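What follows is a short report on a single structure.
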């Protein structure tokens, strides 16, 4: 199903590194950090072709029984279909700090000021090959 | 619920290190590597007090819609309730190689000669605090 790391708490000052491969012909895939599949504090979507979006990163949060909030977008897109990627995430109570494969970084607000997350999952057209959460 | 790493393939030649804390008053907890909660190729149970078993490691496999097979037991038990533990697991097609916190090792046959596992989970009276699978 989706690739999941569940109930191993991702807490303030810990680092998460995930690695994987993008599918050939991928439309989009996302890395999601939150509390459940309906409650995501950081959704990082990698859009190769989705609607009118082509080669864009879109970040947002999804509030439980409410829905997606305001999208933030990034132009940084060092990703290739069929190829490997590696992303490291850490956060404090105000900001998620994301570092991409090529060293570029993206920052996204920690909108709920949460201090720990119990679900990390990947969805869409990619697969995970390793994970370090420590 | 239980602590889970699902659909990030644990393949031949990869290493899994999990760390956690045993509950005070723990009865037993296990680390399970397999295919599903009913299909476990390596169940490593840490029994502080379970029936007649006190401070023993018990290893076994659970075959889907069939049940547990022959138990193997180990006397090695460097574990304390309330304390931290760290275990590293790797396997080839014949053997699971387990290394405990204090450097002692336990080996258990890879009974089905499987080459990859899609579910790792912890159950019982402990919690996981970090994981590296790479």
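Numerical summary
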{"quantity": "Residue within segment A:69-81 that is more than 14 Å from chain B (Cβ to nearest Cβ), touching a residue at least 24 places away in the same chain (Cβ under 8 Å) and under 19 Å from residue B:5 (Cβ atoms) present", "calculated": "no"}
{"quantity": "Any chance residue A:51 is away from chain B (no Cβ under 14 Å), free of Cβ contacts under 8 Å to residues at least 12 places away in the same chain and exposed (fewer than 14 other Cβ atoms within 10 Å of the Cβ)", "calculated": "yes"}
{"quantity": "Residue match in segment A:17-25 (condition: in a loop (DSSP other than H, G, I, E, B), free of Cβ contacts under 8 Å to residues at least 60 places away in the same chain and over 18 Å from residue B:132 (Cα atoms))", "calculated": "yes"}
{"quantity": "Residue B:1 vs. criteria free of Cβ contacts under 8 Å to residues at least 12 places away in the same chain and either in a strand (DSSP E or B) or closer than 21 Å to residue A:10 by Cα (or both)", "calculated": "yes"}
{"quantity": "Test for residue B:114: is it in a strand (DSSP E or B), more than 14 Å from chain A (Cβ to nearest Cβ) and touching a strand residue (DSSP E or B) at 6+ places or on another chain (Cβ under 8 Å)", "calculated": "no"}
{"quantity": "Yes/no for residue A:108 being in contact (Cβ under 8 Å) with a residue 60 or more places away in the chain, more than 14 Å from chain B (Cβ to nearest Cβ) and in contact with a strand residue (DSSP E or B) (Cβ under 8 Å, 6 or more places away or on another chain)", "calculated": "yes"}
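Read the figures in this text as sums done on the coordinates, not as results from a lab. In this analysis, Cβ positions are derived from the backbone assuming ideal geometry, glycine residues included, and neighbour counts consider all displayed protein chains.
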